[PDB]
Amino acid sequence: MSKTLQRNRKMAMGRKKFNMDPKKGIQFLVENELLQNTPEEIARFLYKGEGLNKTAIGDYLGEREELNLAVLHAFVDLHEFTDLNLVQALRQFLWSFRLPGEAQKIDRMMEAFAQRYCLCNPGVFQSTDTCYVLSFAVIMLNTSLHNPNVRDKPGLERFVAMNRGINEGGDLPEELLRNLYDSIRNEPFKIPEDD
C-alpha cells in the first residue's frame, strides 16, 4: 500500500518533470521503474498523454537522437489509419502533439505520418511523396479557409489546380480532392493550443 501510494505520487511528479523538460521527465520515470525504457513503452505513454502538455510531447518526438527517433516511429505506429481518408487521419495525428516553427522536426514527423498512412491504405497513394505533399496542401488549405488574416479563400477549382501533377506525374482523382476540400471547409482542424 505505502509502495503503491509512493509510486502514484512519483508518477505524478514524473509527468510534471516531463512538462518542464521531456528528457528529464522520462529519465525520472525510467530510473524509478515507473516506465520501461523501450521505444514502444515510451511511445504508448506519450500517446495516452495523461497530464502531458502536447508541446512537451512534440518536443520529445522531435529530438534527433536514436531513442527519440525510435519513439517517434513507434508513436506513429500506434495510430490506426486504415479506411480513413487523409483528412480524417490528419485530424487524429495533429491532435496528438504540437511543434510549430521547427522545420526539420516537422519534416521527420510528417514523413513518418505519410509512410504510415500509405501502409494503412495501400490503394490510395502509390507514392508516399504524393501523400506528404497533399498532407501539407490540406494543412495550408485549412489556414487559407479559416484564418481571416488570409483574404484569398481558395475555391475547390483552385485547390485542384494547385495539386496538378503530383500523382506520379498524373493528377489525383477529382473526387478525392473534392472530399478533402469539403471536409476541411466544413470542419477546421482542431489544433492543440500552446500549453
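Throughout, rigid core stands for the largest set of C-alpha atoms superposing within 1.5 Å between the two forms. Numbers follow the displayed sequence, beginning with 1.
Core superposition of the other structures onto this form places the C-alphas of 7-15 farther off in 5 other deposited structures of this protein than those of the other stretch among 178-186 and 7-15. Between stretches 30-38 and 146-154, the one whose Cα atoms sit farther from the displayed model in 5 other deposited structures of this protein on average is 146-154 (core-aligned, root mean square).
In this entry, the higher average B-factor at the C-alpha atoms falls on 161-169, of the pair 37-45 and 161-169. Looking at 177-185 and 10-18 together, the entry lists the larger mean B-factor for 177-185, computed on C-alpha atoms. Among the modelled residues of its chain, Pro154 has a C-alpha B-factor that falls in the highest third, as given in the PDB entry.
In this PDB entry, the Cα temperature factor of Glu50 sits in the top third of its chain's modelled residues, the highest group. Ranked against the other modelled residues of its chain, the C-alpha B-factor of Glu63 as given in the entry falls in the middle third. Remark: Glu80 belongs to the middle third of its chain, ranked by C-alpha B-factor as recorded. Residue-level temperature factors show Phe97 in the highest third of its chain, judged at the C-alpha atom.
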